[PDB]
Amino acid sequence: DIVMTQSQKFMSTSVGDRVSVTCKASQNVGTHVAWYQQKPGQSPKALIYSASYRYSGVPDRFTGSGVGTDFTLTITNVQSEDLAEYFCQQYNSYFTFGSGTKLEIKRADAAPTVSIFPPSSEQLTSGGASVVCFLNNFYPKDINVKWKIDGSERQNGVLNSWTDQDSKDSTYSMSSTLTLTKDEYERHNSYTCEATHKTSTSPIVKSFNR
């Protein structure tokens, strides 16, 4: 087995800056090395072959370098759409892949846009009541959501999920869902989602009444 080692699990950069991803082969592989880009949710896309040749159609800000055991993928003038994991591969003896280096883009802060949604009538008729809060296009990733029912905090029944960095503006988004039974939902009137983010000392509050 030839092992391809990518020691960097994550790297950070800014739009317009440059970054270099490293790969080390456990044996000499000459120039039988390729590089691939994998955006979240998607399949790998080919970038480099023979260690340093770019395919037609691949932007010229991607460059491969190295011979032997030490290889580098360099990305210059980094764009938000370069948010991806980057994998090396050797094809000198069979085919083995590195463990991937995930790129993170640093950008300016951005307050979240918050929206709250009552349960669908269709869900209620089935006995359930999920109230959903979206916190969209904020930066940096760190954020707090607090659910309130008739003025008092609620923790049980809340599930949250964050996107990966957006490939167009490099912001994060987050989804928070408070699930409970229909009857519990009908026992209270006020439902509120409150988001606290370093872009403002005052929380962002959105609410509704049945």
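Residue positions are given as counts along the sequence shown, with the first one as 1.
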Fill in the blank from the handout: Comparing 179 to 187 with 138 to 146, the higher average Cα temperature factor in the PDB entry belongs to 179 to 187
Practice task
Check the entry's C-alpha temperature factors for 118 to 126 and 83 to 91, then say which stretch has the higher mean.
Solution key: 118 to 126
Fill in the blank from the handout: Scanning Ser65, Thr31, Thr163, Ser152 for peak Cα temperature factor in the entry gives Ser152
Practice task
Would you check the entry's CA temperature factor for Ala25 and let me know if it's in the chain's lowest, middle or highest third?
Solution key: lowest
Problem - CA B-factor placement of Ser56, once the chain's modelled residues are sorted into thirds - result: middle
Problem - Entry-reported Cα temperature factor of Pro44, expressed as the chain third it lands in - result: lowest
Handout entry: Within-chain third of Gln38 by Cα B-factor, per the entry
Key = lowest
Exercise for the section: Would you mind ranking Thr171 by its C-alpha B-factor against the rest of the chain and naming the third, lowest, middle or highest? Expected result: middle
